[PDB]
$ cat data_3.txt   # compact mmCIF, C-alpha atoms
# COMPACT_ATOMS: atom_id res chain seq x y z
CA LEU A 331 -25.53 -19.01 1.17
CA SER A 332 -24.90 -16.64 -1.74
CA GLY A 333 -21.16 -17.31 -1.42
CA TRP A 334 -20.17 -13.64 -1.05
CA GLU A 335 -18.30 -12.17 1.93
CA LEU A 336 -20.82 -9.57 3.07
CA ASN A 337 -19.99 -6.31 4.85
CA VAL A 338 -21.84 -5.36 8.06
CA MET A 339 -19.52 -2.97 9.89
CA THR A 340 -20.74 0.57 10.58
CA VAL A 341 -24.04 2.15 11.65
CA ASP A 342 -22.82 5.78 11.82
CA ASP A 343 -23.26 8.52 9.21
CA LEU A 344 -22.98 7.71 5.49
CA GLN A 345 -23.78 4.06 6.22
CA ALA A 346 -25.77 3.81 2.97
CA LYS A 347 -22.55 2.89 1.06
CA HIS A 348 -24.09 4.60 -2.00
CA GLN A 349 -23.06 8.13 -0.95
CA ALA A 350 -20.31 7.06 1.47
CA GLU A 351 -17.72 8.01 -1.19
CA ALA A 352 -19.47 11.03 -2.72
CA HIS A 353 -18.12 13.83 -0.52
CA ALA A 354 -16.53 11.99 2.41
CA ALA A 355 -13.13 11.66 0.69
CA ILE A 356 -12.83 14.94 -1.21
CA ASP A 357 -9.04 15.07 -1.83
CA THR A 358 -8.96 13.64 -5.35
CA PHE A 359 -8.17 16.56 -7.69
CA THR A 360 -5.15 17.89 -5.80
CA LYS A 361 -3.63 19.96 -8.64
CA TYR A 362 -5.82 19.52 -11.72
CA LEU A 363 -7.61 22.83 -12.42
CA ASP A 364 -4.62 24.93 -11.37
CA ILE A 365 -5.91 27.86 -13.46
CA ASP A 366 -8.78 28.85 -11.15
CA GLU A 367 -11.59 27.34 -9.07
CA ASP A 368 -14.93 28.62 -10.47
CA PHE A 369 -15.83 26.50 -13.51
CA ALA A 370 -18.86 24.38 -12.50
CA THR A 371 -20.01 21.87 -9.91
CA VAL A 372 -17.68 18.95 -9.21
CA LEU A 373 -18.40 15.80 -11.22
CA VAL A 374 -18.08 12.51 -9.34
CA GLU A 375 -20.10 10.08 -11.52
CA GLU A 376 -16.88 9.03 -13.32
CA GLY A 377 -14.67 8.36 -10.29
CA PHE A 378 -11.65 10.70 -10.49
CA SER A 379 -9.56 7.76 -9.23
CA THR A 380 -9.54 4.96 -11.80
CA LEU A 381 -7.58 6.81 -14.53
CA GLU A 382 -7.15 3.48 -16.38
CA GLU A 383 -10.52 3.06 -18.12
CA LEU A 384 -10.84 6.88 -18.07
CA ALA A 385 -7.54 8.41 -19.23
CA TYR A 386 -7.65 7.46 -22.93
CA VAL A 387 -11.34 7.27 -23.85
CA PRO A 388 -13.28 8.67 -26.82
CA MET A 389 -14.68 12.19 -26.65
CA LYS A 390 -18.21 10.85 -26.09
CA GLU A 391 -17.37 9.66 -22.56
CA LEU A 392 -15.19 12.58 -21.42
CA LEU A 393 -17.89 15.04 -22.56
CA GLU A 394 -19.34 15.05 -19.03
CA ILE A 395 -16.79 17.80 -18.28
CA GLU A 396 -16.78 20.41 -21.04
CA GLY A 397 -13.58 21.96 -22.34
CA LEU A 398 -11.78 18.78 -23.40
CA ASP A 399 -8.94 20.63 -25.11
CA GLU A 400 -5.23 19.78 -25.21
CA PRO A 401 -4.40 21.35 -21.80
CA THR A 402 -7.28 19.42 -20.22
CA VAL A 403 -6.20 16.04 -21.60
CA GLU A 404 -2.57 16.83 -20.74
CA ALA A 405 -3.46 17.63 -17.13
CA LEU A 406 -5.53 14.43 -17.09
CA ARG A 407 -2.52 12.45 -18.34
CA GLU A 408 -0.34 14.05 -15.66
CA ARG A 409 -2.85 13.25 -12.91
CA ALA A 410 -3.00 9.70 -14.29
CA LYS A 411 0.80 9.39 -14.12
CA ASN A 412 0.72 10.66 -10.53
CA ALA A 413 -2.05 8.23 -9.53
CA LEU A 414 -0.14 5.36 -11.16
CA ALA A 415 2.96 6.36 -9.19
CA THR A 416 0.87 6.45 -6.01
CA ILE A 417 -0.59 2.98 -6.59
CA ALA A 418 2.89 1.70 -7.44
CA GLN A 419 4.19 3.02 -4.11
CA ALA A 420 1.19 1.49 -2.33
CA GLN A 421 1.88 -1.88 -3.99
CA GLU A 422 5.58 -1.73 -3.09
CA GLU A 423 4.71 -0.88 0.52
CA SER A 424 1.78 -3.27 1.06
CA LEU A 425 3.59 -6.38 -0.22
CA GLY A 426 6.32 -6.34 2.43
CA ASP A 427 4.24 -6.11 5.62
CA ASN A 428 7.43 -6.21 7.67
CA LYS A 429 8.68 -2.59 7.70
CA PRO A 430 12.42 -3.45 7.48
CA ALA A 431 14.37 -0.66 9.14
CA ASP A 432 18.12 -0.47 9.80
CA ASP A 433 17.62 -2.29 13.14
CA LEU A 434 17.44 -5.76 11.54
CA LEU A 435 20.99 -6.29 10.19
CA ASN A 436 23.20 -5.93 13.27
CA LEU A 437 24.22 -9.61 13.42
CA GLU A 438 26.77 -11.39 11.19
CA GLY A 439 25.21 -13.48 8.43
CA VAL A 440 21.70 -12.05 8.14
CA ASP A 441 20.60 -10.47 4.86
CA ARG A 442 17.58 -8.64 3.43
CA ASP A 443 15.58 -11.65 2.24
CA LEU A 444 16.13 -13.52 5.53
CA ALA A 445 14.76 -10.63 7.60
CA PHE A 446 11.90 -10.21 5.11
CA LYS A 447 10.80 -13.85 5.35
CA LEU A 448 11.44 -14.06 9.10
CA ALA A 449 9.19 -11.08 9.82
CA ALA A 450 6.67 -12.34 7.25
CA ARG A 451 6.44 -15.50 9.37
CA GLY A 452 4.34 -13.40 11.76
CA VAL A 453 6.82 -11.50 13.94
CA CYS A 454 8.02 -7.90 13.92
CA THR A 455 11.12 -7.11 16.01
CA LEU A 456 13.87 -8.78 18.08
CA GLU A 457 11.49 -8.79 21.07
CA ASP A 458 9.62 -11.66 19.36
CA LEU A 459 12.42 -13.61 17.63
CA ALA A 460 14.41 -15.32 20.41
CA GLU A 461 11.26 -17.19 21.53
CA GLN A 462 11.71 -19.76 18.73
CA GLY A 463 14.46 -22.00 17.36
CA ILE A 464 14.99 -24.23 14.32
CA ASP A 465 11.23 -24.29 13.68
CA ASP A 466 11.24 -20.99 11.77
CA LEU A 467 14.87 -19.91 11.39
CA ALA A 468 15.51 -23.00 9.24
CA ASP A 469 14.18 -23.95 5.78
CA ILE A 470 14.70 -20.33 4.67
CA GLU A 471 16.23 -19.39 1.32
CA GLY A 472 19.91 -19.06 2.18
CA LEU A 473 20.16 -20.82 5.55
CA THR A 474 21.21 -24.37 6.41
CA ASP A 475 20.53 -26.18 9.69
CA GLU A 476 23.82 -25.43 11.46
CA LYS A 477 23.76 -21.77 10.41
CA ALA A 478 20.19 -21.39 11.67
CA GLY A 479 21.17 -23.05 14.94
CA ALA A 480 24.18 -20.77 15.42
CA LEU A 481 22.13 -17.66 14.61
CA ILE A 482 19.34 -18.64 17.00
CA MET A 483 21.93 -19.40 19.68
CA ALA A 484 23.39 -15.92 19.19
CA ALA A 485 19.87 -14.50 19.46
CA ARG A 486 19.25 -16.43 22.69
CA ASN A 487 22.59 -15.21 24.06
CA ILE A 488 21.75 -11.59 23.20
CA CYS A 489 18.19 -11.87 24.57
CA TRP A 490 17.86 -14.74 27.07
CA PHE A 491 21.45 -14.88 28.39
CA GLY A 492 22.19 -11.15 28.38
CA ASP A 493 18.92 -9.52 29.48
CA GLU A 494 19.80 -6.04 28.25
CA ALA A 495 17.75 -3.15 26.90
$ encode --input "data_3.txt" --output "structure tokens"
Amino acid sequence: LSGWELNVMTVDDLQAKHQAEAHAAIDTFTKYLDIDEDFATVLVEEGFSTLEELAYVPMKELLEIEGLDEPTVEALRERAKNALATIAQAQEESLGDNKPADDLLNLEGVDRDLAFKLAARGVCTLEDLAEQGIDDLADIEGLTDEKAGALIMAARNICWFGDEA
């Protein structure tokens, strides 16, 4: 009715969703206050995770944590660089939901993009590739009809006609 995909999943502790991220995921400031540990109570009302609308902000917003000197802003910039590297790695890993290992290029003619698109079709490993034919191995960027037929025939020979493991 409202048009929003609601969320009704969990009834267990911290189900309020208002404090479910307060102190349930505490590993956010890994190496930030590397001088010591007794300064004040932790401050969560800013997020500690965004680092985009928080890294370079005027002094009126970063005043919530006192001691906004040059070492503080430099450590904040370093933590921002690290978080940006982490989200870059997460983006590079979450795009290709195929997990291409070195066990995908043992044939003669297959390349990286072919294996990427083939596994992105909805399959994972050779155990679930010889069950199809031209219907998926064709129309790929770099494969014709005869090449796809020959490759799927080789797959059927190595899986259906050989029966080895």
$ residues_around --input "data_3.txt" --residues "region 441-455 of chain A" --least-positions-apart "6" --cutoff "8 Å" --atoms "all atoms listed in the file" --output "PyMOL selection string"
chain A and resi 426-428+430+434-435+466-467+470-472
$ write_last_selection --input "data_3.txt" --atoms "C-alpha atoms" --output "PDB file, keeping the file's coordinate frame"
ATOM      1  CA  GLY A 426       6.320  -6.340   2.430  1.00  0.00           C
ATOM      2  CA  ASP A 427       4.240  -6.110   5.620  1.00  0.00           C
ATOM      3  CA  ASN A 428       7.430  -6.210   7.670  1.00  0.00           C
ATOM      4  CA  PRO A 430      12.420  -3.450   7.480  1.00  0.00           C
ATOM      5  CA  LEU A 434      17.440  -5.760  11.540  1.00  0.00           C
ATOM      6  CA  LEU A 435      20.990  -6.290  10.190  1.00  0.00           C
ATOM      7  CA  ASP A 466      11.240 -20.990  11.770  1.00  0.00           C
ATOM      8  CA  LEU A 467      14.870 -19.910  11.390  1.00  0.00           C
ATOM      9  CA  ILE A 470      14.700 -20.330   4.670  1.00  0.00           C
ATOM     10  CA  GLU A 471      16.230 -19.390   1.320  1.00  0.00           C
ATOM     11  CA  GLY A 472      19.910 -19.060   2.180  1.00  0.00           C
TER      12      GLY A 472
END
$ residues_around --input "data_3.txt" --residues "residue 485 (chain A)" --least-positions-apart "4" --cutoff "9 Å" --atoms "all atoms listed in the file" --output "list in words"
residues 437, 456, 459, 460, 480, 481, 489 and 490 of chain A
$ axis_aligned_box --input "data_3.txt" --around "region 381-389 of chain A" --padding-each-side "3 Å" --output "AutoDock Vina command-line options"
--center_x -10.9 --center_y 7.6 --center_z -20.7 --size_x 13.5 --size_y 15.1 --size_z 18.3
$ atom_distance --input "data_3.txt" --atom1 "CA of residue 334 (chain A)" --atom2 "CA of residue 356 (chain A)"
29.5 Å
$ residues_around --input "data_3.txt" --residues "region 397-406 of chain A" --least-positions-apart "4" --cutoff "9 Å" --atoms "all atoms listed in the file" --output "PyMOL selection string"
chain A and resi 361-363+381+385-386+389+392-393+410-411
$ atom_distance --input "data_3.txt" --atom1 "CA of residue 365 (chain A)" --atom2 "CA of residue 419 (chain A)"
28.4 Å
$ closest_residue --input "data_3.txt" --among "A:336, A:376, A:331, A:491" --to "residue 352 (chain A)" --atoms "all atoms listed in the file"
A:376
$ atom_distance --input "data_3.txt" --atom1 "CA of residue 482 (chain A)" --atom2 "CA of residue 463 (chain A)"
5.9 Å
$ residues_around --input "data_3.txt" --residues "residue 337 (chain A)" --least-positions-apart "3" --cutoff "12 Å" --atoms "all atoms listed in the file" --output "MDAnalysis selection string"
chainID A and resid 334 340:341 345:347
$ closest_residue --input "data_3.txt" --among "A:438, A:382, A:364, A:375" --to "residue 351 (chain A)" --atoms "only C-alpha atoms"
A:375
$ closest_residue --input "data_3.txt" --among "A:462, A:436, A:416, A:474" --to "residue 486 (chain A)" --atoms "only C-alpha atoms"
A:462
$ closest_residue --input "data_3.txt" --among "A:457, A:349, A:420, A:478" --to "residue 433 (chain A)" --atoms "only C-alpha atoms"
A:457
$ build_atoms --input "data_3.txt" --residues "region 389-405 of chain A" --atoms "N, CA, C and O atoms" --output "PDB file, in the frame of the given file"
ATOM      1  N   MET A 389     -14.138  10.907 -27.093  1.00  0.00           N
ATOM      2  CA  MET A 389     -14.680  12.190 -26.650  1.00  0.00           C
ATOM      3  C   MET A 389     -16.120  12.082 -26.172  1.00  0.00           C
ATOM      4  O   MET A 389     -16.597  12.991 -25.485  1.00  0.00           O
ATOM      5  N   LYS A 390     -16.822  10.999 -26.513  1.00  0.00           N
ATOM      6  CA  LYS A 390     -18.210  10.850 -26.090  1.00  0.00           C
ATOM      7  C   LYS A 390     -18.341  10.558 -24.606  1.00  0.00           C
ATOM      8  O   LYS A 390     -19.380  10.873 -24.015  1.00  0.00           O
ATOM      9  N   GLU A 391     -17.318   9.971 -23.986  1.00  0.00           N
ATOM     10  CA  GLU A 391     -17.370   9.660 -22.560  1.00  0.00           C
ATOM     11  C   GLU A 391     -16.817  10.781 -21.699  1.00  0.00           C
ATOM     12  O   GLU A 391     -17.340  11.038 -20.609  1.00  0.00           O
ATOM     13  N   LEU A 392     -15.767  11.458 -22.160  1.00  0.00           N
ATOM     14  CA  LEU A 392     -15.190  12.580 -21.420  1.00  0.00           C
ATOM     15  C   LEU A 392     -15.956  13.878 -21.631  1.00  0.00           C
ATOM     16  O   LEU A 392     -15.514  14.922 -21.138  1.00  0.00           O
ATOM     17  N   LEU A 393     -17.084  13.845 -22.344  1.00  0.00           N
ATOM     18  CA  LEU A 393     -17.890  15.040 -22.560  1.00  0.00           C
ATOM     19  C   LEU A 393     -18.594  15.510 -21.296  1.00  0.00           C
ATOM     20  O   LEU A 393     -19.051  16.658 -21.252  1.00  0.00           O
ATOM     21  N   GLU A 394     -18.677  14.666 -20.264  1.00  0.00           N
ATOM     22  CA  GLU A 394     -19.340  15.050 -19.030  1.00  0.00           C
ATOM     23  C   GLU A 394     -18.718  16.292 -18.396  1.00  0.00           C
ATOM     24  O   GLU A 394     -19.401  17.011 -17.658  1.00  0.00           O
ATOM     25  N   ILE A 395     -17.443  16.557 -18.668  1.00  0.00           N
ATOM     26  CA  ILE A 395     -16.790  17.800 -18.280  1.00  0.00           C
ATOM     27  C   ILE A 395     -16.405  18.524 -19.570  1.00  0.00           C
ATOM     28  O   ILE A 395     -15.591  18.029 -20.359  1.00  0.00           O
ATOM     29  N   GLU A 396     -17.010  19.686 -19.798  1.00  0.00           N
ATOM     30  CA  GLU A 396     -16.780  20.410 -21.040  1.00  0.00           C
ATOM     31  C   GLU A 396     -15.428  21.112 -21.012  1.00  0.00           C
ATOM     32  O   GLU A 396     -14.877  21.430 -19.953  1.00  0.00           O
ATOM     33  N   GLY A 397     -14.891  21.355 -22.205  1.00  0.00           N
ATOM     34  CA  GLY A 397     -13.580  21.960 -22.340  1.00  0.00           C
ATOM     35  C   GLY A 397     -12.476  20.935 -22.468  1.00  0.00           C
ATOM     36  O   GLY A 397     -11.394  21.099 -21.896  1.00  0.00           O
ATOM     37  N   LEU A 398     -12.740  19.868 -23.224  1.00  0.00           N
ATOM     38  CA  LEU A 398     -11.780  18.780 -23.400  1.00  0.00           C
ATOM     39  C   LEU A 398     -10.783  19.148 -24.501  1.00  0.00           C
ATOM     40  O   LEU A 398     -10.740  18.567 -25.587  1.00  0.00           O
ATOM     41  N   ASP A 399      -9.963  20.148 -24.193  1.00  0.00           N
ATOM     42  CA  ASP A 399      -8.940  20.630 -25.110  1.00  0.00           C
ATOM     43  C   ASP A 399      -7.624  19.901 -24.841  1.00  0.00           C
ATOM     44  O   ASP A 399      -7.570  18.912 -24.106  1.00  0.00           O
ATOM     45  N   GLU A 400      -6.537  20.391 -25.448  1.00  0.00           N
ATOM     46  CA  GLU A 400      -5.230  19.780 -25.210  1.00  0.00           C
ATOM     47  C   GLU A 400      -4.731  20.011 -23.788  1.00  0.00           C
ATOM     48  O   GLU A 400      -4.221  19.056 -23.177  1.00  0.00           O
ATOM     49  N   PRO A 401      -4.819  21.217 -23.205  1.00  0.00           N
ATOM     50  CA  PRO A 401      -4.400  21.350 -21.800  1.00  0.00           C
ATOM     51  C   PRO A 401      -5.180  20.462 -20.849  1.00  0.00           C
ATOM     52  O   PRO A 401      -4.602  19.928 -19.894  1.00  0.00           O
ATOM     53  N   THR A 402      -6.478  20.269 -21.095  1.00  0.00           N
ATOM     54  CA  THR A 402      -7.280  19.420 -20.220  1.00  0.00           C
ATOM     55  C   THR A 402      -6.814  17.970 -20.276  1.00  0.00           C
ATOM     56  O   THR A 402      -6.606  17.335 -19.236  1.00  0.00           O
ATOM     57  N   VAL A 403      -6.635  17.430 -21.484  1.00  0.00           N
ATOM     58  CA  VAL A 403      -6.200  16.040 -21.600  1.00  0.00           C
ATOM     59  C   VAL A 403      -4.767  15.877 -21.117  1.00  0.00           C
ATOM     60  O   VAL A 403      -4.403  14.819 -20.591  1.00  0.00           O
ATOM     61  N   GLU A 404      -3.940  16.918 -21.240  1.00  0.00           N
ATOM     62  CA  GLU A 404      -2.570  16.830 -20.740  1.00  0.00           C
ATOM     63  C   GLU A 404      -2.545  16.815 -19.213  1.00  0.00           C
ATOM     64  O   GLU A 404      -1.799  16.037 -18.605  1.00  0.00           O
ATOM     65  N   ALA A 405      -3.350  17.669 -18.579  1.00  0.00           N
ATOM     66  CA  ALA A 405      -3.460  17.630 -17.130  1.00  0.00           C
ATOM     67  C   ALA A 405      -4.049  16.307 -16.658  1.00  0.00           C
ATOM     68  O   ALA A 405      -3.661  15.783 -15.609  1.00  0.00           O
TER      69      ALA A 405
END
